[PDB]
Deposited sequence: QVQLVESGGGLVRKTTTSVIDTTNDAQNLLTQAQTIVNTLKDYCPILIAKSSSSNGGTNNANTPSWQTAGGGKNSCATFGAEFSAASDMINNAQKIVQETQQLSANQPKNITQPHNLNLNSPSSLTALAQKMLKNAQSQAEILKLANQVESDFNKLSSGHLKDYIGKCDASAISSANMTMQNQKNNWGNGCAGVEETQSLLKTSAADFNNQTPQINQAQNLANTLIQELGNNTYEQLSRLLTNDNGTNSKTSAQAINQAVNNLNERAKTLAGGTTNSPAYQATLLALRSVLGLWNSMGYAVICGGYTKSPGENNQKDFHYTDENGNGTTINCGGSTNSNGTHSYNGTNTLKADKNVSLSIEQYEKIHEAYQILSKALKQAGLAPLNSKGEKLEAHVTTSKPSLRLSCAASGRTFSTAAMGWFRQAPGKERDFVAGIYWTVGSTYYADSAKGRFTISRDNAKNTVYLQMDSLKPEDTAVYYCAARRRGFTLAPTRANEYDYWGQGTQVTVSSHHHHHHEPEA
């Protein structure tokens, strides 16, 4: 009987997460938040051809893009406040009353309940427009510094490619139109305050103010082109998208988690282009961790897919469902060992000049597995009982993994899983595994 180890060679395994998500504004804004809160709070160094990279290269991103990150953070938060007022605006849709008045014992109270809803409703519209203009100004803060000539124009890295100038135009245009009818909304707000004060208080006049407030609110909450609330939210989202397109390729990622030796590398796929993280520490003003880049990249792929495929749902809509693809890749290696009664097969490795050290083992019948510390969390053992083959899938390789690896078989049963070479009976003669960094 003979065990024949076969190497495999370094291969790239791509894997994709198909994420169920929606295009409603609350969902998309948290994706935008993930992106800016990561950069704004952790300020990873920029890589050492655009203007800001010559100046900013080798310093933390917040030293170059503090105003752009702050502008973007403000837009997202004001856009979150727009969506909250728009949910509030929908919860106070004041209702028409019989006309002329139908006086009940219950009137006075029931007119006061209608007057409060008219006041709150007009106050909500007043705040939404005030927030939408704030987003427009913050966009100028975002659009007038380093990215002045890059965001808003359109490998695609370096340009915003996000359509922000379209949306800035539709925001300013629709904002001016809502400004054009603030007269009619003040007509309604003072009509409510006089009514609370307790002719120009006829049912006809009340229903006129109520109908005016509902029409502006329906367009502000349910519109797209003619809604400055909708355009302001969309500009917040498209600005964060364009911000990532303009400078995101330049963020250093791959910061080490604890020890400087554990070479975690992952590539993140964009659409085609790839970014590598890893090929030193992850912390503020130096680097992003892999998990951190994982989140930005997932958030970016959702934001990108939602806007491109379905657009932003109207602020009072609940949103189409859609699938976003989040694709990453890492280098891996498969070792195999084929046999010509077994209780256990294992893998051992030997660095030149060192003792054979156990790596990973598999119970032959049940397929239960036992792993050394070196394999913990990176290596996977499996067996094909039909083909009499054991496998070692090696992920996230490091230079300390360079050794000759040997498979071994044990023929008799055991209680404690065998981890010593003398507890195995058969050995292949080894395959060399070299890894360089």
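Unmodelled regions (deposited sequence positions with no C-alpha coordinates, counted from 1) are 1, 50-62, 169-184, 229-248, 322-326, 335-349, 411-414, 512-521.
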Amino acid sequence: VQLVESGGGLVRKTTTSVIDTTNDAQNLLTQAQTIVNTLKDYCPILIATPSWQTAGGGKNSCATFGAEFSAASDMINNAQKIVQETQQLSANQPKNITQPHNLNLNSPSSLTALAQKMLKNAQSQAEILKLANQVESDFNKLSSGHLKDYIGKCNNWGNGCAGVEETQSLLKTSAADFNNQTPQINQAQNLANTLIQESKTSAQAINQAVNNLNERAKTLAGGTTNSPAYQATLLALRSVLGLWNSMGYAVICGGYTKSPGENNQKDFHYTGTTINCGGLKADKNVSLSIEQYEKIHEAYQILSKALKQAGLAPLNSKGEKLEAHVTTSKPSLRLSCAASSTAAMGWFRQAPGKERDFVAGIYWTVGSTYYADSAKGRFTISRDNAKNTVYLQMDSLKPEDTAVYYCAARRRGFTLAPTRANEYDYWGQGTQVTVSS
From here on, numbers count along this sequence of modelled residues.
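Relative to one another, 355-363 and 317-325 have unequal mean CA B-factors, and 317-325 is the one with the higher figure. For the segment pair 376-384 and 63-71, the entry gives 63-71 the higher mean B-factor, averaged over Cα atoms. Across the residues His269, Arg349, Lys284, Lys305, the deposited record lists the maximum Cα B factor for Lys284. If you compare the C-alpha temperature factors of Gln187, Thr233, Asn96, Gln204 in the entry, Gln187 comes out highest. Per-chain ranking of the deposited C-alpha B factor places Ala409 in the lowest third. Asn179: CA B factor lies in the highest third for its chain, per the PDB record. Compared with the other modelled residues of the chain, the Cα B-factor recorded for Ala122 ranks in the middle third. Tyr300 sits in the lowest third of its chain by CA B factor, as recorded in the PDB entry. When the modelled residues of the chain are ordered by C-alpha B-factor, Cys43 sits in the highest third.
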